[PDB]
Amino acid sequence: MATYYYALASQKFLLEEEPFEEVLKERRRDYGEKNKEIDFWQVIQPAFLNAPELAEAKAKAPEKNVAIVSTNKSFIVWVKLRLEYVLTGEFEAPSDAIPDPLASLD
């Protein structure tokens, strides 16, 4: 089990943040160049939001949502400061409630 950190946005909002998405693309590409295991992901309509421990987040969330997830806390701190209009939190996985931290509900 690992701790995952997240920043949850609306799909609408994240579509207005193209420079941000370019930063994430460049970060993936840089990781590959450095032979660093990818430890951050963008998850459309994340299934983790259904976990009981995330009930407060789900109650606040956009209808069509998307998370930036990482096992690197400092990366999510940056994401929050860069995007601002996101809900943040953390969870442990795999668990009964979150068997796949990267699963989409779509």
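Numbering starts at 1 and runs along the sequence shown.
Look at the C-alpha B-factors of 18-26 and of 82-90. On average they run higher in 18-26.
Higher average CA B factor: 96-104, of the stretches 96-104 and 3-11. Within the selection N35, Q42, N72, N65, the deposited Cα B-factor values reach their highest point at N35. Per-chain ranking of the deposited C-alpha B factor places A59 in the highest third.
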